[PDB]
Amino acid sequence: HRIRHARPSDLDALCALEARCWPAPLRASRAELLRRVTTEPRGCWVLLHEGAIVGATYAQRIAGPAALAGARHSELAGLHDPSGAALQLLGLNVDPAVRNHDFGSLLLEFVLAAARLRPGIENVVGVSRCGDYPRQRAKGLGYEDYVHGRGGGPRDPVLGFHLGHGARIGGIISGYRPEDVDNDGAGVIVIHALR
């Protein structure tokens, strides 16, 4: 394994990794993937396995956790605040063929460790999602109750990824990502406190 900063040359691999991790409606464009790496150059990392980019994390520095209120998924570049006290996770992709390596938790704990070494960063936040909500929507369960685990069943795997490491839920953004039908267009704010 080897983790390094993302470079504009990795764009073809970052798009290839994006296509394996997400279906067509949920894929970032080549322009957006380039927008992230060039806007926050020292805030994006790639994970190399067998000489290939099997993992990628994007992030930008914004004002704080409150800046995500009523934010759309596509209209996120405007939040960039280089003097802000919080680092926003724009994405964390791990190739589906390397899931048994637990590389996902490695990239997350790497970002959390790198953010605690940058002066001024107080929180690592992001707008997560639910991977198995439609099975609960058919049971009558609401999104907010399912997200907060008040339904009785186990926590959502995509949310439990951040909850398991130490993230607390910071709210739900209605209509955050209208093409994310499995989440009813919603988005869950997770907050990784650092101190």
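Heads up: residue numbers just count along the shown sequence, starting at 1.
When 153 to 161 is weighed against 31 to 39, 153 to 161 comes out higher, by mean CA B-factor as recorded in the entry.
The mean Cα B-factor in the deposited entry runs higher for 115 to 123 than for the other of 115 to 123 and 69 to 77. Between the residues 167, 59, 46, 26, the entry's highest C-alpha temperature factor is the one at 167.
Ranked by C-alpha B-factor against the other modelled residues of its chain, residue 105 falls in the middle third. When all modelled residues of the chain are sorted by CA temperature factor, residue 7 is found within the lowest third. In this PDB entry, the Cα temperature factor of residue 141 sits in the top third of its chain's modelled residues, the highest group. Annotation for residue 86: CA B-factor lies in the middle third of the chain's modelled residues. Per the deposited record, the Cα B-factor of residue 147 falls in the lowest third when ranked against the other modelled residues of its chain.
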